[PDB]
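Below, in C-alpha cells: the form deposited in one PDB entry, a single chain.
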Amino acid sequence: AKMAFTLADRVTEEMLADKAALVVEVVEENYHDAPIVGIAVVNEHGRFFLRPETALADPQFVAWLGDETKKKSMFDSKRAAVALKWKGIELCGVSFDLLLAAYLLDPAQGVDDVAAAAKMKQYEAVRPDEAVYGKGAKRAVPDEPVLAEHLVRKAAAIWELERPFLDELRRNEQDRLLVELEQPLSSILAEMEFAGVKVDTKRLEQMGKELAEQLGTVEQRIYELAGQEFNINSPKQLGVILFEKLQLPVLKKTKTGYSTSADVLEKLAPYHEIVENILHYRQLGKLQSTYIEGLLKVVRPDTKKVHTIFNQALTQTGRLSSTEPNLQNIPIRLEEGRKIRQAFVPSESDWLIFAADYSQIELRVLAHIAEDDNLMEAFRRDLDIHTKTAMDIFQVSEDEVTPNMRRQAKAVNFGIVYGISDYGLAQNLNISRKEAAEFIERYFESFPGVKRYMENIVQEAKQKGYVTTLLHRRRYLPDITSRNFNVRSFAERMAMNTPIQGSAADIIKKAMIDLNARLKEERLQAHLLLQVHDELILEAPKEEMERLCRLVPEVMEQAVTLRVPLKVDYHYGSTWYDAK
C-alpha cells in the first residue's frame, strides 16, 4: 500500500514545473527560526522528496520557490513562508492553501493537519501528523524513510484535494473569500510575525522588580489580616481562610469548592479588609507572572523582539488569535497594567508606534445588517451610542442621562451584540432576571429593526443550517434545532453574534490588504506589526506620521461601504503605551 516516490539526492528540472503541491515541513509548533526537516513535491511529472540541506542550497530550487509564476498548492503556507524568511528565502506563487480552504468550509472541524482536511472528502491515504511525530516529550522527527513517505503522502493529498475543495468553495460562494482575502492576508501576517515587535526588556525588568516588592508587601499584609500564612494562589487554602476561618458568606460556589472569582470578592469586600488585599495581590500577580515573566520568556535575546504567531485558521467567527506571546490581550483598562505597553517600542531609532482603531465597528455593522432606522441615524449623526441607547431605553433627554444610566445602557449594547439574554444581562449588571428582561424589552422597542434581525437570523440559521458574514464566511449551527433549552439558546446567541463579530473580522482583514497595497504604492517604510480585532498597530519613521494620519484611517474607513459610515480613531507615540 506504500506510495511511490523518488528520494532525490539532487534537484532536477521536472521538480520545477509551474504547478505543484509543495510541502516544506516545520515540525516545531513555533516555526520562528525553526528547522525545515524535509521537502516534498508532487506535480504532473511525479512525486519527489528532497533533503532541505540540498534543496535550500540549490539556486534553481530557490529561484523556483520565489517565482510567482510557478504556482504551489500547500497546507499552512504561512508556516513555510516564515520559516523560509528566517533563512533569507522568499516563497511566492502559493495559489492554494488547504488549511485556509478547510477553515472557510467549516471552522468547527478544527482542521489542523492535512489528514483532518483530507478526511472531509473521504480521503484517508495520509496519516495525522501526531501519529507520525508523536506528541509532547515524545515528539520527534522519525527516520528518513518514514518522514519522506509522510511528506509525500501529504503533498499527494493536497495535489488531489485542491479541485474538490475549490469546487465546494465556489458552490458556497467563498472562492473569492479564499483567493482574494485569506490567502493574501496570510502573506501579510507572515511579514508581521517575521518583523516582530521590539521589547524594552530593561524596562520590563524594572517593573518586575517593583512588582515583586509590592507583591511581598501585600502578601505579608494578607497573612497579618488572616492571622496566619498560606498559599493565596491555592483555591483551597484561600477557601478555608475566607469562608471558614473568617466566616465570609458563600455567595457563589465553583464545582469542586468555594468560588473566589473577582466578581465574588468584590461583593465580599465590605465584610473584611483581607478581600481588597487578595484582589490587589492577584492583579499584581497576574501582571508579574503573565505580562512580565511570561513576556520575558519569549523575547529573542539577540534582537529583543517577540515574534507572535497569528493563528488564521482557528476562531469560529473569522477573527485571528495570537500566541507565544498573545499580543491581543495586553492590559489597557487599568493604568497599572497599562504601563506594560511602555515596554513595546519601535524597532528602529527615530521611529514611532502608530495605532488606529475602528470606533464601534460591531454596532455599526449591526445597524447595517439589521437596517434599523434609529441605530443607523444614530451613527449617521456620529452620536455617543451608549448615551443614545440610555436616552431611548430610559426615555430621557441627553442632559438627563446619568453616569449609571450610560453604564447600564452600555452593558445592554454588549448583550445585544453577544446575543442578548435576560439571565446573562442580569448577571453582568448584578440585577434580577425580570429587571434585565425589562431593559431588553425597552431596547427592542427603541430598535425594532434590530429585534427583527435577531428574530430573522435565528430562523435563517434553522432553515439553512448556518449563518454568514458580509464576505460570505460561514458558521454551521447544528445545535440550533436541539430540544435542550440551554444548548439551543447558546446556538441562537451564536446565530445573532457571528454575523456581527465575523463581518467586523472580514472588514479589518480587507483593510489590512488594502493598507499594505497603499503603503507599497507610496513606498512608505511604515509597516504593520499587530492586529487586535478592531485595531491595527504599525511602526514607522517619525517623518511618516503626518502621511499615516491621513492614509491609515481612510483605507480602514473605505475597506467596505455600509449603510452607515465607518469611523477610525488614531494616535501615535514613542511606545505602544503612548500611542493613545
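A residue's number is simply how far along the shown sequence it sits, counting from 1.
The same protein has a further form, the form deposited in another entry, not shown here; the description that follows concerns it.
- Within the set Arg338, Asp263, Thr290, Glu400, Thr290 is the hinge position, where C-alpha fit passes from one rigid part to the other between this form and the one not shown.
- An increase of at least 3 Å in the separation of the C-alpha atoms of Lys253 and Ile431 is found in that other deposited form, compared with the displayed form.
- In contrast to the form presented, in that other deposited form the C-alpha positions of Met405 and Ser261 spread farther apart by 3 Å or more.
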